[PDB]
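Here the structure comes first, spelled out in C-alpha cells, and everything after it is commentary.
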Amino acid sequence: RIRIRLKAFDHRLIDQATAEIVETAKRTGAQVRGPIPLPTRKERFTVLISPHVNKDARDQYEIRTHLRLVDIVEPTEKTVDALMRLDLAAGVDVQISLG
Amino acid sequence: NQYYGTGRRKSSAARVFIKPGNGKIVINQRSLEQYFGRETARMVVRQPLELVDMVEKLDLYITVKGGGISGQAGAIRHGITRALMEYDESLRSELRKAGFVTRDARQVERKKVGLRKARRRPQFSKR
Amino acid sequence: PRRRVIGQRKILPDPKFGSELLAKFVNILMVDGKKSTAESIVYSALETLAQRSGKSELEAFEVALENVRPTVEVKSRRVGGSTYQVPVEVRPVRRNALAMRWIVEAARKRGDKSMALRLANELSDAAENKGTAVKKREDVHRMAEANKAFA
Amino acid sequence: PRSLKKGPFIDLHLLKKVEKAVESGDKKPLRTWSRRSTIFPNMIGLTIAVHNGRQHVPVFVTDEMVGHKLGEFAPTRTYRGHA
Amino acid sequence: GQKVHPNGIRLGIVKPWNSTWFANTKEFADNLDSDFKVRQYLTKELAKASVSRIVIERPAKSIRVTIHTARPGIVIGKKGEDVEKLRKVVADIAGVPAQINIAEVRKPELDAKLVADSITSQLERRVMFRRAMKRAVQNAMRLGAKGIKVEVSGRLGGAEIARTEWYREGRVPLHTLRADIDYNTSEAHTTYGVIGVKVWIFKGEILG
Amino acid sequence: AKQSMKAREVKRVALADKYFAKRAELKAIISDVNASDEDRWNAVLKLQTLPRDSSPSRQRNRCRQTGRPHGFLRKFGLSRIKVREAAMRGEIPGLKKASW
RNA sequence: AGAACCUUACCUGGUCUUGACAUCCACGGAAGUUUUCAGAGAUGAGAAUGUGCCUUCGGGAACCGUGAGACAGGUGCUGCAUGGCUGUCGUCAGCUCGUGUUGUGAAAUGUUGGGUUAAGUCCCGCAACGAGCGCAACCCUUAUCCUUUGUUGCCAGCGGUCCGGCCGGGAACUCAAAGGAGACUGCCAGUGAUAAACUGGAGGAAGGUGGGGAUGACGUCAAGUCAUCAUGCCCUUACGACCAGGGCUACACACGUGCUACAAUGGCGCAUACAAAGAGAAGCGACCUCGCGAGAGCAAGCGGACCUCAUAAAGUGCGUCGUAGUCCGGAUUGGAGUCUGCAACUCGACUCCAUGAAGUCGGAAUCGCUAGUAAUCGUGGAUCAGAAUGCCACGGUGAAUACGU
C-alpha cells in the first residue's frame, strides 16, 4: 500500500493538497484509504525583543507543522504513475512510500 | 443494550459504560478499591449513584486515561452522570442540583514569561 | 475587595463521616497541598479522641470546637492619635474557622511526637477546657472585655 | 584528574627539552610555559623556570613533586594583604 | 517600544507570508539565508524600479521569485532581456533553478512601502519633509484609502534636537486584527543623519 | 560582530570540513580498547599535532546576517533580534506570534 | 538561550602591515591535492601532481603569489547628533481633531451634568454637531456538542488466543485535526426616569468580558541600547590583524535574586499506582552483556501519534527511626574514577568510598498570591562537545481568606 505523508505550515493549503491527491488517486485506481489527520507539531520559540536589555520583554513565536496521512490500498499501473506526474502546490512537502 | 457517558476533568478522560446488574465497578480491569487507593476518589465516583438510588441496580465498566488520581476520579464521576442522563433522562434535575452535570472547566493556568508561575511574581525590591 | 462581594466556593464533605466542617478542618490542617496525609492525621486524631472521651468521633470534635469558639473578637480602628482596639461580634462562618485555626496552631506548637497524637491531645484539652487554643480564646475575649467601652 | 587509560600529560616539546637536558648532564634552568605539564621521574634534579603569566619562576624538582604538574609550583596571583 | 508590528500580528488572518515554503529543521536555516541573499540582491538592483514586495516560493528544488513592482517596464526592460539576466543571478545566489515572475502593482500611492520609499527619496533630495508627508497622505486619500498614517523621525530639517512628526488622515485601526493595514518602513540617509519613515495604509476590513 | 571575527569563524569551519575524516579516525583509534598502547599514544600525539581550529568544538554559532555570538537560534541560523525582524516582515515561513 | 580553548571585546609576551575580511589593475603561477624540519603557536624553509571553458595567439574567467597605492579594518568616542528596537507610568481609560459657538486673548465648549459600566461602556439631557486614536469586538487557546476522516491512535460488541489490542476485525468510544453549532442579559421576574442598566432564576457544558493569552492610545522619563544591526570625531607599521598562555571564576567585606535545609504533615528501606508537554540524524539510542555506580561494549527501531530520550515524583501499603544537632542537614575536604573535549592545573559535570560545617524557623524590617491561584511534587525544551539551583514551557496534588474601604 502507498502511504502518503503531507507536511505543511499552512493548514488550508495542506487540506487543499490532500483533496487534490485524493482526486488523483480515485479516478485512476480504487479504494483510496482516506485523509487521516496526524498530530500537529507546534514548535515554539521565545526570544528577547530588546536590542540590549529587558528580559521580561519577550515574543513567543511558533511554527505549526500539520501532518496529513493519505493511504492508497491498491497500487494499479495507471494510478501510481499519475500520482508521480502530479506536482502539488508549493509549501507542501509530500512524501510517498509504497509498502 | 449498554448505555454510555464520556467523562472529562483536568487532563483525564473516562469512558463509563452503564449496564443493568448487581453493582460491581471495574476501572481498567481493576476493582474500585484496587484502582483508587484514596477514599475521597471512591466517594466521588460513588456520589452520583448515591444521589440517585441505583448503586445495586447497575454494573459499570470504566476505562480512564490521563491526569492524576483526583482528576481521574472526577472525570469518571462526570462520565457516570452522563451515562445516567442518557439512560433515564428524568434524573437530570437532581444531577444539576448536585453539581455533577457541570464539566469542571478548571485547567492548570499556563506559566507566563516574567513570572515564576501562572501568577507568582518574582521577589520585588525598591532597592 | 472594593468592587464586588463573591459567593464562597463549594466544599465537599469528608468521605469517612460525611461532614463539611470536618473537611474544612482537614483543609486547614493540610500543608503543601498534601490533603490525603492531613486527612489521615485528622482521622487518627478523631479515633484516639473518640476512644478517650467516648461519645462519637464527630460529636466529640464538635464539643471540643465549642469550647474554643470566640463570641467576640477585636479589630484596630485607630481613628485617634493612638490606636483603639474595638470589639466586634464575630459571625457564624468565621468563628468556626477561627477556633479550628487556633486548634491547629496549638497542635503545631505542642511537644508531643506524632502530629495526629498532638491534635488529639489538643482536642481533649479543648473538651476539658484547658490547653492552648482555649487560652488564646480567653485572651481574645479578655481584650474585647477590656475595650468594651468602644462600640 | 586525567583518566588513567589516557596516561599522564606532558607537552611534547617540554619532554624533548627534558630529554636533551638529561643527555647533556647540564643544570642550567629551562624556561617553560607548559604549566599544564605533569612532572616526570627523569625531570628530578633539573631546575625548570615555569611561567606564572608574568615571569619565569625557578622550580628545582624533587622526588615529592613527581605526580604533580609544573603550574602547581609557580603561583600566578600575588596577594600580600589587605592592610 | 510600545507598538506591535502591524504586518506581523496579522500573518495568520488577513496578511500572508512573503517566503512561502516548507522545510525540515535541516534545510530551513539555509533556505532563510538564501532568501535573505536573493532579496538583498533584488533590492540593490531594482532600487530605481519601484519595487514593493518580493515573494519567494520554492517547490521541488527550484526557486520561484515573484517581484511586486509599480513599473514592470523598467524591471523587464526589453521583453525577456533584463528578467532573464536577473534569473541566472538569482539561481546562482540560491544554487538551484530560478524562476522570476513580475506582478504589476496597481495604484503605487496606496502601496505603503512604495510611498515610504518615495518619501525617503524626497528627503534625500532636500525637500521640506512636512510637504512630502502631506503629499503622501493626500495622494493615498485621493486614490481611495480608507485611511493612511505616515510618520517621520529624527534630524528633521537638519536640526540638532531630533524629533518625530506624523500625519494621519481617515481611519487607521491597528488593534482591529481584521483590518487590512499595509504597514512598511524606510530610512533616508541624509547629510545630517538617518530619517526613518513609517507609513500605515488602511485598505479596509476583511469579512470572513 | 566584527568582520575579522566572522572571517575567523569561516576559517575554523573550513578547517573542520578539511580535517574531519582524519580527526575522527584518530579519535576512534584512541577510544578502541582492543588496540596497542603505543599506537594509542601515537594517536593522542598525532591529534595534538593537528591544528586547533580543526576541532568542531572550537567554532561558535553566530548569526548569519550580523555575526552576533549570543542569542542564537539553530533552526533559523539567526540571532534573536534578526529572527524577530524576519518574523515581523513575513520572511520566516509559518512563524507567527503564539498565544495559548 | 550557557566564559576551559573557542567565545573575547581584556592582560602578558611572540608576530603581521593594502593587510584576517572586499573591489581594482599590473604581471609571477592553473586552482587544489598530498607530505618534511624548526617553533608555544602564529609562521618560515622542502618533495609530488595539474595546464579546463578560447585565440588575424599585445591573452583571458575561476584561485594562489608579489608591489604600488586608491582603500580595507576598528565590540574606538558621542544613545545629550540619530534610525530601529526596548522598558516605563499602564492594558491605566484616557488623548485629540474638524466645523460651529463663547471669550480682547491664553483658552473654553464638545470631553461637563443625572444615572450606569471593567471601560470617554451605554442611555438621557445639554451650543454643540460630528470624527479619529484608544475601550469593546475581530485573532489564538481553553470548557460542551455535532459532522467528516480513522493510522502509527482507539477497543464498545463480535470470534480466536502465547491473556499483550496482539490478530481477524470493528468503526462505536477516547484521541487526533479540519469544518460547523453554542452565550447574545437572548428568555423570566422585580428595581429603575416610559431608559441605559442593575438584582436575582430558568435553561445550559459554559452567565453576564465564561477562564487564560496576544493586543500597549496621545504622550512621559535628552529612560536603555553607537557592543546586534544601521547611522551624522578619532586611529590607520596601529585604538587594525594572527598566535600561544593567562584573565573575565580573584576575596577583609556589603547588597540583590535563587536552591537546600533546620525535620516525624518527616528521614531511610522494600513493594506499588496515576500525567502532560516536548526533543531527536556530526541526533535520540531499546534490548542483551559487563561495571557497586557515573558509564562501557555490542547494536536494533526511528527525520518519528510507530522507535528512542522515558522509570514521572509527590502519593498508596508494610516496616523501621522516637525529638537527639539525630538514621535531621548536607557544606567542606581526602582518595579513587567516568564522560565530553587537541586539552578539564588555573576552571567542567557526574559517580563511588570516606569526611559530616553552619543550621533547632531567623533583628529592624520586607515580598508574592483571590483558584486549579498560592503552596508543594516531579517532567520537558532552548543555548549547548561538555557545562543550570537560571530562563521558557508541561502536567500532578491542591488550600486559606476577602467583614469591609
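Simple scheme: letters A, B, ... for chains in C-alpha cells order, numbers from 1 for residues in each chain, numbers from 1 for ligands in the order shown.
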
Give the residues of chain G that lie within 7 Å of chain E; count only C-alpha atoms (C1' of nucleotides), and format the answer as a PyMOL selection string.
-> chain G and resi 81-83+85-86+132+138-139+215-216+231-232

Dump as a PDB file, in the first residue's frame, selection limited to N, CA, C and O atoms (P, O5', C5', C4', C3', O3' and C1' of nucleotides):
```pdb
ATOM      1  P     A G  81      24.623  62.739  21.435  1.00  0.00           P
ATOM      2  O5'   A G  81      23.492  63.392  20.527  1.00  0.00           O
ATOM      3  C5'   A G  81      23.441  64.815  20.339  1.00  0.00           C
ATOM      4  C4'   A G  81      23.008  65.143  18.933  1.00  0.00           C
ATOM      5  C3'   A G  81      21.829  64.334  18.414  1.00  0.00           C
ATOM      6  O3'   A G  81      20.601  64.828  18.919  1.00  0.00           O
ATOM      7  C1'   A G  81      23.542  64.297  16.810  1.00  0.00           C
ATOM      8  P     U G  82      19.439  63.799  19.249  1.00  0.00           P
ATOM      9  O5'   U G  82      19.253  63.053  17.854  1.00  0.00           O
ATOM     10  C5'   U G  82      18.957  61.649  17.786  1.00  0.00           C
ATOM     11  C4'   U G  82      18.927  61.202  16.349  1.00  0.00           C
ATOM     12  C3'   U G  82      18.104  59.954  16.079  1.00  0.00           C
ATOM     13  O3'   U G  82      16.734  60.289  15.875  1.00  0.00           O
ATOM     14  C1'   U G  82      20.242  59.713  15.106  1.00  0.00           C
ATOM     15  P     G G  83      15.576  59.256  16.278  1.00  0.00           P
ATOM     16  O5'   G G  83      15.725  58.108  15.189  1.00  0.00           O
ATOM     17  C5'   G G  83      15.301  58.336  13.842  1.00  0.00           C
ATOM     18  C4'   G G  83      15.583  57.130  12.986  1.00  0.00           C
ATOM     19  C3'   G G  83      14.839  55.863  13.363  1.00  0.00           C
ATOM     20  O3'   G G  83      13.522  55.864  12.838  1.00  0.00           O
ATOM     21  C1'   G G  83      17.110  55.368  12.937  1.00  0.00           C
ATOM     22  P     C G  85      10.711  49.884  15.051  1.00  0.00           P
ATOM     23  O5'   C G  85      11.236  49.022  16.281  1.00  0.00           O
ATOM     24  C5'   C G  85      11.693  47.675  16.079  1.00  0.00           C
ATOM     25  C4'   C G  85      12.540  47.203  17.237  1.00  0.00           C
ATOM     26  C3'   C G  85      11.966  47.402  18.628  1.00  0.00           C
ATOM     27  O3'   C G  85      10.942  46.466  18.939  1.00  0.00           O
ATOM     28  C1'   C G  85      14.215  48.062  18.627  1.00  0.00           C
ATOM     29  P     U G  86       9.743  46.901  19.904  1.00  0.00           P
ATOM     30  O5'   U G  86      10.476  47.084  21.308  1.00  0.00           O
ATOM     31  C5'   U G  86      11.067  45.941  21.944  1.00  0.00           C
ATOM     32  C4'   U G  86      11.744  46.305  23.242  1.00  0.00           C
ATOM     33  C3'   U G  86      10.894  46.996  24.289  1.00  0.00           C
ATOM     34  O3'   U G  86      10.036  46.073  24.950  1.00  0.00           O
ATOM     35  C1'   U G  86      13.003  48.049  24.169  1.00  0.00           C
ATOM     36  P     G G 132     -14.817  57.529  13.033  1.00  0.00           P
ATOM     37  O5'   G G 132     -13.321  57.836  13.472  1.00  0.00           O
ATOM     38  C5'   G G 132     -12.315  57.961  12.459  1.00  0.00           C
ATOM     39  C4'   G G 132     -11.035  58.496  13.042  1.00  0.00           C
ATOM     40  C3'   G G 132     -10.336  57.602  14.046  1.00  0.00           C
ATOM     41  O3'   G G 132      -9.741  56.472  13.415  1.00  0.00           O
ATOM     42  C1'   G G 132     -10.322  59.805  14.852  1.00  0.00           C
ATOM     43  P     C G 138     -14.743  38.442  19.358  1.00  0.00           P
ATOM     44  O5'   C G 138     -14.060  38.591  17.924  1.00  0.00           O
ATOM     45  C5'   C G 138     -14.840  38.472  16.720  1.00  0.00           C
ATOM     46  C4'   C G 138     -14.055  38.962  15.524  1.00  0.00           C
ATOM     47  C3'   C G 138     -12.730  38.265  15.253  1.00  0.00           C
ATOM     48  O3'   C G 138     -12.920  37.060  14.515  1.00  0.00           O
ATOM     49  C1'   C G 138     -12.475  40.621  15.052  1.00  0.00           C
ATOM     50  P     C G 139     -12.561  35.642  15.175  1.00  0.00           P
ATOM     51  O5'   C G 139     -10.985  35.725  15.377  1.00  0.00           O
ATOM     52  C5'   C G 139     -10.102  35.862  14.249  1.00  0.00           C
ATOM     53  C4'   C G 139      -8.657  35.724  14.674  1.00  0.00           C
ATOM     54  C3'   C G 139      -8.324  34.593  15.632  1.00  0.00           C
ATOM     55  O3'   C G 139      -8.203  33.353  14.940  1.00  0.00           O
ATOM     56  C1'   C G 139      -7.298  36.576  16.391  1.00  0.00           C
ATOM     57  P     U G 215       1.673  41.416  22.675  1.00  0.00           P
ATOM     58  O5'   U G 215       0.484  42.328  22.139  1.00  0.00           O
ATOM     59  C5'   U G 215       0.198  42.418  20.733  1.00  0.00           C
ATOM     60  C4'   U G 215      -1.148  43.053  20.505  1.00  0.00           C
ATOM     61  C3'   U G 215      -1.352  44.441  21.080  1.00  0.00           C
ATOM     62  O3'   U G 215      -0.751  45.435  20.268  1.00  0.00           O
ATOM     63  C1'   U G 215      -3.251  43.123  21.537  1.00  0.00           C
ATOM     64  P     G G 216       0.440  46.324  20.843  1.00  0.00           P
ATOM     65  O5'   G G 216      -0.223  47.031  22.102  1.00  0.00           O
ATOM     66  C5'   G G 216      -1.242  48.020  21.926  1.00  0.00           C
ATOM     67  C4'   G G 216      -1.134  49.054  23.014  1.00  0.00           C
ATOM     68  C3'   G G 216       0.119  49.920  22.986  1.00  0.00           C
ATOM     69  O3'   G G 216      -0.262  51.195  23.501  1.00  0.00           O
ATOM     70  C1'   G G 216       0.073  48.692  24.988  1.00  0.00           C
ATOM     71  P     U G 231      25.904  52.186   7.647  1.00  0.00           P
ATOM     72  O5'   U G 231      25.599  53.623   8.263  1.00  0.00           O
ATOM     73  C5'   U G 231      24.542  54.442   7.734  1.00  0.00           C
ATOM     74  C4'   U G 231      24.152  55.514   8.724  1.00  0.00           C
ATOM     75  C3'   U G 231      25.276  56.404   9.221  1.00  0.00           C
ATOM     76  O3'   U G 231      25.601  57.421   8.275  1.00  0.00           O
ATOM     77  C1'   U G 231      23.951  55.715  11.054  1.00  0.00           C
ATOM     78  P     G G 232      27.105  57.961   8.181  1.00  0.00           P
ATOM     79  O5'   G G 232      26.945  59.539   8.336  1.00  0.00           O
ATOM     80  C5'   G G 232      25.652  60.165   8.315  1.00  0.00           C
ATOM     81  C4'   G G 232      25.686  61.492   9.042  1.00  0.00           C
ATOM     82  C3'   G G 232      27.077  62.078   9.270  1.00  0.00           C
ATOM     83  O3'   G G 232      27.736  63.064   8.484  1.00  0.00           O
ATOM     84  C1'   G G 232      25.801  62.009  11.327  1.00  0.00           C
TER      85        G G 232
END
```

Which residues come within 12 Å of residue 77 (chain E), counting only C-alpha atoms (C1' of nucleotides), excluding same-chain residues fewer than 5 positions away, as a list in words?
->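 Contacts, with the query itself left out: residues 46, 49, 71, 72, 82, 83, 84, 85, 86 and 102 of chain E.
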
Residue selection dump (C-alpha atoms) as an mmCIF file, in the first residue's frame:
```cif
data_model
loop_
_atom_site.group_PDB
_atom_site.id
_atom_site.type_symbol
_atom_site.label_atom_id
_atom_site.label_comp_id
_atom_site.auth_asym_id
_atom_site.auth_seq_id
_atom_site.Cartn_x
_atom_site.Cartn_y
_atom_site.Cartn_z
ATOM 1 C CA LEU E 46 15.812 47.318 -8.582
ATOM 2 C CA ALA E 49 12.469 50.466 -10.234
ATOM 3 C CA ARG E 71 6.617 49.766 -13.139
ATOM 4 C CA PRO E 72 7.377 46.336 -14.704
ATOM 5 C CA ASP E 82 16.506 42.041 -18.008
ATOM 6 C CA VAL E 83 14.272 39.488 -16.293
ATOM 7 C CA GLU E 84 16.319 36.672 -17.818
ATOM 8 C CA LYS E 85 19.530 38.307 -16.616
ATOM 9 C CA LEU E 86 18.097 38.626 -13.116
ATOM 10 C CA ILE E 102 6.741 40.101 -12.043
#
```

Would you list the contacts of region 18-31 of chain F as a list in words, taking every protein, DNA or RNA residue within 7 Å and counting only C-alpha atoms (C1' of nucleotides), but skipping same-chain residues closer than 2 positions in sequence?
->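 Those residues are residues 14, 15, 16, 33, 40, 43, 44, 47 and 54 of chain F.
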
Pick out the residues sitting within 9 Å of region 84-86 of chain C, and hand them over as number ranges by chain; count only C-alpha atoms (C1' of nucleotides), and ignore anything fewer than 6 positions along from it in its own chain.
-> C: 73-78, 143-144, 147-151

I need the residues from that last selection saved to file as a compact mmCIF listing (two decimals), in the first residue's frame (with N, CA, C and O atoms), if you can.
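See result_26.txt below for the written result:
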```txt
# COMPACT_ATOMS: atom_id res chain seq x y z
N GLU C 73 -14.40 39.10 68.87
CA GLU C 73 -13.00 39.42 68.59
C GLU C 73 -12.85 40.93 68.50
O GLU C 73 -13.84 41.66 68.53
N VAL C 74 -11.61 41.39 68.37
CA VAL C 74 -11.30 42.83 68.25
C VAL C 74 -10.65 43.17 66.91
O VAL C 74 -10.09 42.31 66.24
N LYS C 75 -10.75 44.45 66.54
CA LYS C 75 -10.10 44.98 65.34
C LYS C 75 -9.57 46.39 65.62
O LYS C 75 -10.06 47.08 66.51
N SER C 76 -8.56 46.82 64.86
CA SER C 76 -7.91 48.12 65.07
C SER C 76 -8.48 49.20 64.15
O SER C 76 -8.24 49.19 62.94
N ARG C 77 -9.24 50.13 64.74
CA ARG C 77 -9.78 51.29 64.01
C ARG C 77 -8.71 52.38 63.92
O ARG C 77 -8.35 52.82 62.82
N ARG C 78 -8.22 52.82 65.08
CA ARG C 78 -7.12 53.80 65.21
C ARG C 78 -7.43 55.24 64.71
O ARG C 78 -6.51 55.99 64.38
N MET C 143 -9.48 40.76 75.94
CA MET C 143 -9.15 42.00 75.23
C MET C 143 -10.42 42.78 74.90
O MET C 143 -10.50 44.00 75.12
N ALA C 144 -11.38 42.04 74.38
CA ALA C 144 -12.69 42.59 73.99
C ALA C 144 -13.36 43.26 75.19
O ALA C 144 -13.87 44.37 75.10
N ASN C 147 -11.76 46.47 76.14
CA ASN C 147 -12.14 47.52 75.20
C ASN C 147 -13.65 47.60 74.93
O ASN C 147 -14.06 48.09 73.88
N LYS C 148 -14.47 47.16 75.89
CA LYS C 148 -15.93 47.16 75.73
C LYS C 148 -16.51 48.57 75.64
O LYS C 148 -17.57 48.76 75.03
N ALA C 149 -15.83 49.54 76.25
CA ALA C 149 -16.18 50.96 76.15
C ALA C 149 -16.41 51.44 74.72
O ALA C 149 -17.28 52.28 74.47
N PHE C 150 -15.62 50.92 73.78
CA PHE C 150 -15.76 51.23 72.36
C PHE C 150 -16.82 50.31 71.73
O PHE C 150 -16.76 49.09 71.89
N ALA C 151 -17.78 50.90 71.03
CA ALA C 151 -18.85 50.15 70.36
C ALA C 151 -19.57 51.00 69.31
O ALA C 151 -19.73 52.22 69.47
```

I'd like a table as a tab-separated table: residues in chain F with an atom no more than 6 Å from chain G, each row giving the shortest atom pair and its distance in Å to one decimal, only C-alpha atoms (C1' of nucleotides) counted, sorted by chain and rising residue number.
```
residue	atom	partner	partner_atom	distance
F:3	CA	G:21	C1'	5.7
F:4	CA	G:20	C1'	5.8
F:7	CA	G:21	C1'	5.9
F:47	CA	G:342	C1'	5.8
F:48	CA	G:342	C1'	4.9
F:57	CA	G:385	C1'	5.6
F:58	CA	G:6	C1'	4.4
F:68	CA	G:228	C1'	5.8
F:71	CA	G:1	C1'	5.9
F:99	CA	G:213	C1'	5.1
F:100	CA	G:141	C1'	4.1
```

Mind dumping a table of every chain E residue within 7 Å of chain A, with the nearest atom pair and its distance in Å to one decimal, using only C-alpha atoms, sorted by chain and rising number, as a Markdown table?
```
| residue | atom | partner | partner_atom | distance |
| --- | --- | --- | --- | --- |
| E:20 | CA | A:91 | CA | 5.8 |
| E:21 | CA | A:91 | CA | 3.9 |
| E:22 | CA | A:91 | CA | 4.7 |
| E:57 | CA | A:90 | CA | 6.8 |
| E:58 | CA | A:90 | CA | 6.6 |
| E:59 | CA | A:90 | CA | 5.0 |
```

Contacts of residue 62 (chain F) at 8 Å (only C-alpha atoms (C1' of nucleotides); same-chain gap of 5+ positions) as number ranges by chain | F: 67-70, 72, 77-79

Alpha helix (DSSP H) positions in chain C, given as an MDAnalysis selection string = chainID C and resid 20:29 35:53 57:66 92:109 115:128 132:146

Near chain E, 9 Å: chain F residue rows, closest pairs, only C-alpha atoms, as a Markdown table:
```
| residue | atom | partner | partner_atom | distance |
| --- | --- | --- | --- | --- |
| F:64 | CA | E:33 | CA | 7.1 |
| F:65 | CA | E:33 | CA | 8.1 |
| F:74 | CA | E:29 | CA | 7.4 |
| F:75 | CA | E:29 | CA | 5.6 |
| F:76 | CA | E:29 | CA | 4.3 |
| F:77 | CA | E:29 | CA | 5.1 |
| F:78 | CA | E:29 | CA | 8.0 |
| F:87 | CA | E:8 | CA | 6.6 |
| F:88 | CA | E:8 | CA | 4.1 |
| F:89 | CA | E:8 | CA | 6.5 |
| F:90 | CA | E:17 | CA | 4.6 |
| F:91 | CA | E:19 | CA | 5.1 |
| F:92 | CA | E:19 | CA | 6.4 |
| F:93 | CA | E:19 | CA | 5.6 |
| F:94 | CA | E:17 | CA | 7.8 |
| F:95 | CA | E:11 | CA | 8.6 |
| F:96 | CA | E:11 | CA | 6.5 |
| F:97 | CA | E:9 | CA | 6.7 |
```
